[PDB]
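What follows is a short report on a single structure.
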Amino acid sequence: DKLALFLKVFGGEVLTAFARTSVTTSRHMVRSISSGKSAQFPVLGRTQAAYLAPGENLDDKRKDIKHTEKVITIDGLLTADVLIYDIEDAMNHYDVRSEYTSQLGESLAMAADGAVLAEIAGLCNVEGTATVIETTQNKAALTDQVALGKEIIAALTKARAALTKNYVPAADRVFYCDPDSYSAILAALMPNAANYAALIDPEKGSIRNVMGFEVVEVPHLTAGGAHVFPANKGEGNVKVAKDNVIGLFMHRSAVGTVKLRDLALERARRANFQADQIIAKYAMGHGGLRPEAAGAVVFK
Amino acid sequence: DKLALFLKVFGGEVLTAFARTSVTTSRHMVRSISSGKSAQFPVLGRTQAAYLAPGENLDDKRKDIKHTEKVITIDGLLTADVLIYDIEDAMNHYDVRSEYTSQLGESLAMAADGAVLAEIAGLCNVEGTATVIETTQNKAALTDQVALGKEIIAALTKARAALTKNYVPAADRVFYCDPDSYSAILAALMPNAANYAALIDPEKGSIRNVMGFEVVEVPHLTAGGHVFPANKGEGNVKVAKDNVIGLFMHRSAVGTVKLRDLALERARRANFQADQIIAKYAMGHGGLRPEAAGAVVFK
Amino acid sequence: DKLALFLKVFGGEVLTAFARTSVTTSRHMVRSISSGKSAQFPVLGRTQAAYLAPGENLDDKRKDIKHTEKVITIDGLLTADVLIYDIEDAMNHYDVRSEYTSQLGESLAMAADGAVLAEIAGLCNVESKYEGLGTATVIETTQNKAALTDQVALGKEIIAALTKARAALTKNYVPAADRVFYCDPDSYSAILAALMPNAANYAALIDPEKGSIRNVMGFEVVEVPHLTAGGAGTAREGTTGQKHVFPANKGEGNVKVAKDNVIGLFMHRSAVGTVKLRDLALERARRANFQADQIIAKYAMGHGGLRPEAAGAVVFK
Amino acid sequence: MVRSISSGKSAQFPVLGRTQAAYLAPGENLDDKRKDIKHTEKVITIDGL
């Protein structure tokens, strides 16, 4: 019986473990939908024209808009698991449990990221509205630090710019950068010394607001090979892949997804050549959902 | 019952949602009518010599003038809506319910935007009469931040010339501009020192007073009455749209009335398989005494 | 709600007539339940056995290609209705009520059956195939349909035609035993001088009206008075632009099994069939547009799946 | 990594050669790659005081 309760404790440790490894939890959508193997959303758009008189009828006005609806759904399953070999599994476990929990937990998000990531750039890569931006001619020439904050930021101006005219508010948004170029390398941003209180990071792993959006990041970007994010391909009509690419721009409510049954862990004994096995599962995943606009930056 | 309750929370939600993307509520003039179709606004009297050394009275020379309230009324019911296919109902709330509130509200403002814009375009385009300023250089000579930040400010001076030399209550006034411009001017302000986050203004969702005026940058600048030869490059009328960004005003140079808060309801049609919503708003758009208006020019 | 009480009865009379009308009610995959906006149907396969030796492995038997089974969702609104006035519903009940039911039903049903043909058609234009190695050409006419007239002519080459339609059902493995065969009412008279020219067997060999033809050697015979027409999963009745409009229009210059080169479409059981939305509902309203009190009955359904294998038929040329 | 123990004077813990998470239809099961692996985890113990 007790060996059964222990599992509940492990599950609590996990879910809680998905955070702090949390990359993107907020800053995009999600829903509790039960038994729906799929789910959908609106598209439409913001636009307006002249107005009614007691004469005629409103009906005609809606011709051009081409209202649109869009649906996505779960794909395969999503998880790894771990094969314990524990007597200790019952007890003594303060160190061991932590180790085990981390190893799946961070992994789950580490899959989760790219699935919600690269496909955005894809949405920018078909021919979202469109966007891109750069500085002069290469990263070859431009190397040295503090310039590496400069050209970037200088781009960020235009970043805030095209955030308009397609509308959407600036109220909240975030850019997921790459940890190398990360922070502007904080120099150009902060040629100040001892104040990160001034840069407002009350934990949460987040640099406070810059002009436009907000700047955080996790390592790199990849998932979908483990879609199309041709880091290898320079152009081939599609430039928004990695190599090049840049720390990212996210535009309010461009994505999210549906998860059914939340997270469930299954515990087993598979005895072929064995110790013992546990199983946790997640059914959701996605790329998708018809963003309004978006973009990235490259060097060329 | 349940549906009505949902609709009721709705109205609230989008009510509070309206003023957000709304470019103007205050910083302008309005009234709440009671049952009236119309109204009228006194421009009134401001100059008074008040030298009373007894003789005559207020005289016929003072009787000869306009000072006539341009009356005003609705242009007809001004409201818009969008059709939906209902699934969410009383579930899937917060997110995805808010999407419709959104889709309607910003539009409900969006027209009003060009409206108060439209009056300004109308105001000095026909042939006092507050006015413009031109270039310092042609559109082709307009390239980067450094340049196009400054000439705005260069304009600002003689822009104030009208604000002042023409009298007017120098207390409170606003300037309207576009993000392409907004960028430029602010870029003229502080290329140095990080980000505009440093500007301590945004809590009021505004711009604390810059030289003269006050700053509210526009989203759009295209609606109707636009009614003015926006499309035309010039065709005289140098006041037109898409020559430039320089439109500006001051308080009580326009404004209008409305009807008894804001309400709405829905119903199906089923011609095609749906249940759709209708908001209803009065507003209208009042013109008024000309002053504080004009622009820069690219020519 | 007297109308609601009667509305249900009308729905019952509708669905009945409907099922009566169409070719597809059974003989295809039907899966649906509450709130499912999608569904997936396992392609699988079966050979195996119940046999084994202690040792080896059970699991060893698997190593199989694909169970992914293509989860698919609904195609959107599908609706056919009419305009009408109160009295037949208000009492009336009788003949008029019963009659209208069909009046909507057959048209909707006729569209529904053709939807499967449309969806099936796109994936097989001139094959795809290659368990289930291949299909078989149904080939030869022994003389052209131009010259084919009487029922003792076709019937002789009809039994000769489906001979290899008794072939592809073998080479694909599968329970080829209980199956179906579709044709045209132009050939309605053909089986007569084929099946049993001695008298017409009714009280002896049985074979009365079964709602279809009691099984001949292989297959079976039912009929669908038109072919290329129909469509589903959309705002429906219209000139065209439907997906199914399969390339029947091109008979030769390749494009062999394309319709109107053919008669005898031979296919098997459970190659297709789809989802549907939560039983069926409908309702009325007032319009007054032109004195209008009218009804609406809408559908969702869904569409087909499985492997790229489509039928075949007899030929010319 | 740092373990703990009570009077063990020795211990064993796992290694990191294979893991991820992934996605599949119920077509197949994993662990072939896992069969290809060498060892799994090895133990360790005290050295002196």
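All Cβ positions, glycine included, derive from the backbone under ideal geometry; neighbour counts span all protein chains shown. What follows draws every value from the coordinates through simple rules; no lab data is involved.
Structure data summary
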read-out	value
Reciprocal mean inverse distance between Cα atoms of the protein assembly as shown - Kirkwood radius, Å	35.4 Å
4 °C / 1.567 mPa s Stokes-Einstein diffusion coefficient of region A:202-270, Kirkwood radius on C-alpha pairs, µm²/s	79 µm²/s
Inter-label distance for B:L83 and A:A147, nm, one decimal - labels placed 7 Å from Cα along Cα-to-Cβ	5.8 nm
Alpha carbon convex hull of region A:115-222, volume per residue in cubic angstrom	135 Å³
Within region A:85-118, backbone nitrogen closer than 18 Å to the virtual label 7 Å beyond the Cα of A:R267 toward Cβ	A:85-105
Positive minus negative residues near C:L306 (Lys, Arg vs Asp, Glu; Cβ under 14 Å)	+2
Rg/Rh ratio calculated on Cα atoms of region B:155-209 (Kirkwood radius)	1.02
Alpha carbon convex hull of region B:1-102, projected area averaged over orientations, nm²	11.5 nm²
Calculated FRET efficiency for the pair C:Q48/A:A275, C-beta based, R₀ 22 Å, to 0.05	0.10
Gap separating the Cα centres of region A:233-280 and region A:104-164, nearest whole Å	20 Å
Values of log10 I(q)/I(0), in the order q = 0.14, 0.21, 0.23 Å⁻¹, for region A:79-143 under a Debye, Cα-only, solvent-free model	-0.68, -0.94, -1.00
Exposed trypsin sites (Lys or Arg not before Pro) absent - longest run of chain D, DSSP non-H/G/I/E/B, at most 11 other C-beta within 10 Å	D:10-37
Antiparallel %, DSSP beta bridges [both residues in the protein assembly as shown], to 5	70 percent
Calculated from backbone phi, Karplus (6.51, -1.76, 1.60) coupling profile of region C:35-52 in Hz, x at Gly/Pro	6, x, 9, 7, 5, 9, 10, x, 6, 6, x, 9, 10, 6, 3, 9, 6, 4
Estimated Rh, region B:69-181: Kirkwood, alpha-carbon pairs, angstrom	19.0 Å
Surrounding net charge for D:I46, when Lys and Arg each add one and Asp and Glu each subtract one, Cβ distance under 15 Å	+1
Backbone HN-Hα couplings from phi across region B:194-211 [Karplus 6.51/-1.76/1.60, Hz, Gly and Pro as x]	6, 9, 6, 3, 4, 5, 8, 5, x, 4, 8, x, 8, 10, 4, 3, 8, 4
Which listed pairs, of A:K66/C:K129; A:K242/B:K150; C:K145/C:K256; A:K63/A:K165; B:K61/B:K165, have C-alpha distances above 27 Å, in listed order	A:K66/C:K129; A:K242/B:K150
Space enclosed by the convex hull of the alpha-carbon atoms of region B:146-299, per residue, Å³	202 Å³
DSSP-assigned coil residues among GluC sites (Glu not before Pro) in region C:42-103, each with at most 16 further Cβ atoms within 10 Å	C:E56
Sequence-separation-based contact order of chain D, relative, with Cα cut under 8 Å and 6+ spacing, percent	60 percent
Region C:242-295: mean projected area of Cα convex hull, nm²	7.9 nm²
Cα-projected label distance for C:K61 with A:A197, points at 7 Å along beta-carbon direction, nm	7.2 nm
Ratio Rg/Rh [Cα only; Rh per Kirkwood] for chain D	1.17
For chain A: span of alpha carbons on each principal axis (Å, largest first)	74, 61, 41
Whichever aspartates and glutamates have a C-alpha closer than 17 Å to that of C:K317, once near sequence neighbours (fewer than 8 apart) are set aside	C:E140, C:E157, C:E252, C:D260
DSSP-defined beta bridges in chain B - what % are antiparallel, rounded to 5	60 percent
